[PDB]
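Trainee: This one's experimental. Sequence and coordinates below.
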Amino acid sequence: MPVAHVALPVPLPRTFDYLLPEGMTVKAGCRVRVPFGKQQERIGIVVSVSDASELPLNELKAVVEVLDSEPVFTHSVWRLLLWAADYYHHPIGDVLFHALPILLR
Amino acid sequence: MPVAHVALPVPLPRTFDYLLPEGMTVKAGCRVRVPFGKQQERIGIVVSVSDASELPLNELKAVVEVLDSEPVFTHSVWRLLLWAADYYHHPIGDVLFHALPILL
């Protein structure tokens, strides 16, 4: 009766909002360490950065650390990754994290 | 800037939770109208009906109405559609909603 799990029509790449503490600076295509779960760690890839989110800034968890000074990916590779993710209906995190090992190695 | 839209190798069934109403019995495959953030109504499809939430059963956004008594999708189209999503890497959300029209 309680909790019901629903599926809702979401915006193209369903991303996760993290807050950037004062003094921290990131650009697209870079990796960061972020919180996940009431107390766990994990690695991600910034896809974009704006000045808004669905929830108030003060609610977003804060990015723990940036791993990449510059994009780990190439400018051309990156633009494509995002494109194929959008065009063929694949989760953006799914593509990126899968293609990183392939592309680097 | 402030917010960072990060991508994560998130699980397969990324869904949202909404407390089911009293005397309101719904099952998987049925469309349901639920509040969407700071705002008003919007249609959604129930994938699962647990008894456990990630957040407290106090500050959980509730449900509204059950637009269907019987699952618009068949135990057959259902099985199939969830397989599609999982085998070809497509968000359940997207396969289900995009599929509904064609179905009707």
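Mentor: Ah, there it is. Numbering: from 1, shown residues only, chains lettered A, B, ... in the order given.
Trainee: Run through the residues that contact the closest residue to residue A:8 other than its chain neighbours.
Mentor: Nearest non-adjacent residue to residue A:8, counting by C-beta to C-beta, 6 or more residues apart in numbering or on different chains: residue B:44, 4.6 Å away. C-beta here means a position set from N, CA and C on the backbone, and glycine is covered the same way. Contact analysis of residue B:44 by C-beta atoms under 8 Å, 6 or more residues apart in numbering or on different chains lists A:6, A:7, A:8, A:9, B:16, B:18, B:31, B:32, B:33, B:34.
Trainee: can you redo those as TSV with secondary structure?
Mentor: Shown next, in TSV, are the contacts of residue B:44 (DSSP: H, G, I helix; E, B strand; the rest coil):
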residue	secondary structure
A:6	strand
A:7	strand
A:8	coil
A:9	coil
B:16	strand
B:18	coil
B:31	strand
B:32	strand
B:33	strand
B:34	coil
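Trainee: These: which two are farthest apart?
Mentor: The largest separation in the contacts of residue B:44, counting by C-beta to C-beta, is between A:9 and B:18 at 15.0 Å.
Trainee: Enumerate the beta-bridge partners assigned to residue A:50.
Mentor: On the basis of DSSP bridges, residue A:50 is bridged to residue B:3.
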